[PDB]
């Protein structure tokens, strides 16, 4: 039933006694459900040491992974170039999901096409679809470039993207000079970040490979910036803002900030900003090239060093105090531009905030997960603040990456109790937060389920989640945040301190019970 004056949605609607009884009948009479005592029994069992040991001995089963598939990364890279149309060679299903997955995180339209290869292409290859597909997409959406990648179906039957694309220019389905760079993005290899890697490299070669004799290291006097898989619009902005503040000329290779944040005024803009073709062709003439997220820009590294002859610096992602220092000092050394007074003041305001908040951050235990660079950067930062990383997890990580993180933990007295895990999923993580309880979790929306699980065990076992990473579906506009540089370090520090504080407030709100510690001033 409903009172028009105060209407109720599913929550709390279905809590009305009439729904409760109707559901008690459904269950008791037809679901043949296990006794509630058995359910609690098994639940209690899934929070123990014995279950953890068993849980970690999995070899075939993955439960609640923390990574997407390669082509997802490709699309995001492609989307960062001027008027280009991410094109994916393979099943339509994948694209439906890629766009839907970005729409939810960015809450914006995502351009991306498929050449819908069906059952027939499963035996005669997908040559034809590539032909018609390139033609109709070039006509319908009138792009200036089409970056091609592949779904896992195309990778299994093994279609040659190079030939297919040439046979298309051959029979004249699309102009000859029309840019059609490609990359094989095997979904059963690596993860979405590798995808961005293969896609970016595939685009760099197409515009640079055959024309390297006219290039000179230093010609345009700029510095190439390669972002990597970035889902925080504030990061593209913050880095451009600091380089521009030092007077350093630059070329951000792949900049989706514009299409992923188009204004709302009645007009739908399919294309917006991005890296122009010219900037790409002229990329070799740069002083050097910096890779914001090295751990997943390796293939790109090899090509930038063995073809453009750039002494790519060994820099960690510019997150936190120290790594932003290094990134800044190395950019000053490569362009000759000194660090302006403003950036020195900004560094000081971050240090100011760190000292204003250190008494609440010190000794707080955190569990975290996400992508390789993001995770280590966040680990470095948590350590600078005196916090205790405890469970560091990176599903799409490797053994070299893990040693790098283990070292960073040894270089500090705050990494004693930490442990890095790779190739582990969120079900593994779920056990850890039960057996060795942290104070908070830092990760994406998928961690909300681990919080609900821990809370079911009891209020004192609940592990609150601080949303940082990708993707974030249950909160709006957090994708405009910034995690890089001093600006992003300040934003992360603020989120952490105020989370500690809100949680404290919550536990001390009970009247004449725990409120004796409900201080006005904190």
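Positions refer to the first chain, counted from 1.
**Student:** For the stretches 88-96 and 141-149, which has the higher mean C-alpha B-factor as given in the deposited record?
**Tutor:** The entry gives the higher C-alpha B-factor average to 141-149.
**Student:** So, looking at the entry's B-factor column for Cα atoms, which has the higher mean, 400-408 or 308-316?
**Tutor:** Per the deposited B-factors, the answer is 308-316.
**Student:** Could you check 384, 108, 197, 159 and tell me which one carries the biggest Cα B-factor in the deposited entry?
**Tutor:** Most elevated C-alpha B-factor of the set, per the entry: 159.
**Student:** Can you tell me which of 395, 452, 365, 269 has the maximum CA B-factor listed in the PDB entry?
**Tutor:** Spelled out: the listed residue with the top C-alpha B-factor is 269.
**Student:** What third of the chain, by the recorded C-alpha B-factor, contains residue 43?
**Tutor:** Lowest third.
**Student:** Could you look up the Cα B-factor of residue 369 in the entry and say which third of the chain it sits in: lowest, middle or highest?
**Tutor:** As the PDB entry reports it, the C-alpha B-factor of residue 369 lands in the lowest third of its chain.
**Student:** Ranking the modelled residues of this chain by C-alpha B-factor as given in the entry, is residue 181 in the lowest, middle or highest third?
**Tutor:** Tercile = middle for this residue's CA B-factor.
**Student:** Splitting the chain's C-alpha B-factors into thirds, which one does residue 6 fall into?
**Tutor:** As the PDB entry reports it, the C-alpha B-factor of residue 6 lands in the highest third of its chain.
**Student:** Per the entry's values, where does residue 171 land by CA temperature factor relative to the rest of its chain, in the lowest, middle or highest third?
**Tutor:** Ranked within chain, residue 171 CA B lands in the highest tercile.
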